[PDB]
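What follows is a single chain, given as structure tokens, in the form deposited in one PDB entry.
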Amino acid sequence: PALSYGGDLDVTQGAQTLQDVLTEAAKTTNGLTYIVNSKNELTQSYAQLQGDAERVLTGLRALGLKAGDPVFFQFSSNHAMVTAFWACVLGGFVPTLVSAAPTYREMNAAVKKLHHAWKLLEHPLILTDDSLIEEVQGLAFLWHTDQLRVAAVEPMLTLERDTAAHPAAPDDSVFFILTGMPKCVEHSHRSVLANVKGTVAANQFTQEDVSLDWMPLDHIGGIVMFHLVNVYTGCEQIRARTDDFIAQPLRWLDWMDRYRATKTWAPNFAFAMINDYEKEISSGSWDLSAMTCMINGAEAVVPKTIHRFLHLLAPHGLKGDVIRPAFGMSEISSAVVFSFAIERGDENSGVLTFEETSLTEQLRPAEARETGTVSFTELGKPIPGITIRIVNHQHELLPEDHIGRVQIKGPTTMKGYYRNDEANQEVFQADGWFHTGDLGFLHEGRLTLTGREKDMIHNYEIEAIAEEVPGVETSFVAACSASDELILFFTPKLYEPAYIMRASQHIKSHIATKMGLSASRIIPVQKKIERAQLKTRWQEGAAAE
């Protein structure tokens, strides 16, 4: 059946709290390196991190923080945030990992979400940078509150070390992380370390790895899949600012080369962004021969994006098997599946193609064609300790090669959303099954995501019918919440105004007839040549936004 177990995970081996992770890491000579620019870097050994964290701990306790208290992180500096995180670990304080707002001068969406979590956590101390404390302090006027408390981390780095680490238990909450209003994922040392240990075993991570990450530390893959995995293995890890990558994506290449990185990760959009620079890549020089692990996860992994990425960077020494698709969620401590089958020389390896007609039934393999076939990137087997299953509308187990609702069982699951019993019921189903909200199938024990529940009105059938209209070259439907309406994008064979209005009328009326919808339910939108796929360009727009 569509139920895959990753095998036994011995979580008794190794550290049991994050304090023990930092202690064992501080015994190595490895640590962190924070990139400032192409020439300058700031180093912080794991031994220095421990002392720095103890210094910050002195200031936090001076502000009255007691073990169990939450701490609201609002950082632009990786150095200050990493240090602040471990100070909290030492003090038994619970960090709330959430990105800083794009601006603090007006009551925008990001600022509203921060207020919600801040109020849900009963007005916790906000910890931030010197470069942000002025902005963050403005929230006192935006929120019309006298309960705002802010403090910068850098001033604390000049304090005496507080060597009295609060004794933590594996089930103690280790941090909150934010996902409408965001929910407050509460994790323990046990759930995080279980993902770390599972991730290390599946990928064979070691203390000799060299890690490069520019993704936000407020993203679960930034904090757990990399930062904590790196400290747990005690390997060398290089941190870059997210802003610096999206400003100049080719810096990713420079960084992998300059530090001889062996592993890194990004969502699929970053790979597509690099592919947009083929001209300047074909006139550049990088040594990427040390890179062994480029994890691709957090959103849909597009086969043609990763293949082009491997092709473009092959002359620069990137082996064709470094890209590892992965899937995970903050609620399950980051990635729980990894695919080791993507190969530059085999576009079909680790990629599954099926007939569009069979999406609602037993999937029927096919050879990729211009139309009528869909290609999905396999995301691999569960890591040790994780069980995945695929279920139908009634939560009944499905067989393999059947698209259904993905559910996860294992030791990496959050304690739950903070202060929301009702939301915890929706996701925590009977017998330990966490409901992801994602759609996919299992094939040879390997998970493949195909969509989301919120992404439900079949869009392959709507597009096929739209393409029978003579004026339509190709089509793309997205659903859109007075009416539940589907917006039908199309390329006309001819971008002439009369021709477009004819095709638009036929699209509306031909879809209304063939599928028994109201013509009012279909909106036709007309859309040179672009090389980047449409699904890939929208990934880039939402990411850099």
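When you see a residue number, it is the position in the sequence shown, counting from 1. Shifts are known only where both forms have a C-alpha. C-alpha atoms forming the largest set that superposes within 1.5 Å between two forms make up the rigid core.
FYI, the form deposited in another entry isn't displayed, but the following is about it.
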| item | value |
| --- | --- |
| Core-superposed comparison between this form and the one not shown: the option from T28, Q44, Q505, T58 whose CA moves 2 angstroms or more | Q505 |
| Core superposition between this form and the one not shown, C-alpha change of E154 at least 2 Å | no |
| C-alpha of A335 off by 2 Å or more between this form and the one not shown on rigid core | no |
| CA of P70, rigid core aligned, shift of 2 Å or more between this form and the one not shown | no |
| Closer or farther in that other deposited form: C-alpha pair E468, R364 (3 angstroms or more) | closer |
| Pairwise C-alpha change, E473 versus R364, in that other deposited form against this form - closer or farther, 3 angstroms or more | closer |
| Sequence-ordered runs, three or more residues, C-alpha shift 2 Å or more between this form and the one not shown, rigid core | 458 to 481, 486 to 526 |
